[PDB]
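Protein chains in written order, with our numbering: chain A, 1 to 30; chain B, 31 to 60; chain C, 61 to 89; chain D, 90 to 118; chain E, 119 to 147; chain F, 148 to 176; chain G, 177 to 206.
First the structure, in the form of structure tokens, and then the observations on it.
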Amino acid sequence: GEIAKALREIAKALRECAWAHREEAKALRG
Amino acid sequence: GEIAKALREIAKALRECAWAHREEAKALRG
Amino acid sequence: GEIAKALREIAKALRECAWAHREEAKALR
Amino acid sequence: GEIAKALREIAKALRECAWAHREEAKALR
Amino acid sequence: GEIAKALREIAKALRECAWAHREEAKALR
Amino acid sequence: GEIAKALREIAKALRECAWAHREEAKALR
Amino acid sequence: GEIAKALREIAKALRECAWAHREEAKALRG
């Protein structure tokens with residue numbers, strides 16, 4: 001369904017955000 | 031659908047958020 | 061619809077967040 | 090509707106989030 | 119309804135996040 | 148219902164996020 | 177259901193964000 005697909009897009013975008021936050025943590029402690 | 035379109039807009043906005051965080055992680059290094 | 065409008069308000073608020081996060085990165089460099 | 094109203098509550102909270110992030114950006118300078 | 123109640127819990131959690139971001143900004147000053 | 152349960156999971160994950168942001172704030176100062 | 181499953185994927189991604197933030201906090205302290 002279109003609605004379920006769009007919710008999965010939201011999840012994927014948040015997994016992007018998480019990756020970016022993990023990079024901030026690594027850049028900080030370095 | 032209007033609801034699905036709006037959910038995709040939320041996703042797009044979160045992808046903008048992730049890009050911003052990736053830039054923060056880059057800035058934090060140098 | 062009222063639900064779709066509210067979801068668009070959520071999207072807009074997140075675009076505000078992204079602009080702010082961008083300004084944080086600029087302030088860092 | 091109560092669902093639309095709750096979704097608007099979520100957007101309002103995210104606009105709070107953005108305001109605070111804009112304050113972080115100002116503080117980093 | 120259960121769905122509206124859960125959405126409000128989501129907003130409540132984001133207000134917590136906003137309060138934490140205001141605190142981070144405060145620490146940065 | 149499963150949708151309400153999943154929304155409550157999102158709320159709980161955001162409360163996790165808020166706790167972590169509070170830990171960042173603390174670590175800052 | 178597909179919608180419920182997608183919503184749980186959003187929650188999973190946010191728990192990923194939380195883990196990353198807990199790592200950022202550990203890095204700020206050292």
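Don't be surprised by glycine CBs; every beta carbon is placed ideally from N, CA and C.
- DSSP places residue 133 of chain E inside the alpha helix (DSSP H), whose first and last residues are 120–146.
- Using a Cβ-Cβ cut-off of 8 Å, residue 171 of chain F counts as an interface residue toward chain E, since at least one Cβ of chain E sits closer than that to its own.
- With a 10 Å radius around the Cβ and a threshold of 16 neighbouring Cβ atoms, residue 62 of chain C comes out exposed.
- Using a 10 angstroms sphere on the CB of residue 22 of chain A, the tally of other CB atoms reaches 16 or more, which defines it as buried.
- A Cβ-Cβ contact shorter than 8 Å links residue 44 of chain B with residue 14 of chain A.
- In this structure, residue 50 of chain B keeps its C-beta atom at 8 Å or more from the C-beta atom of residue 16 of chain A.
- The alpha-carbon separation between residue 25 of chain A and residue 206 of chain G amounts to approximately 11 Å.
- Shown here for residue 64 of chain C: not one same chain residue has a beta carbon closer than 7 Å to its own, the five before and five after excluded.
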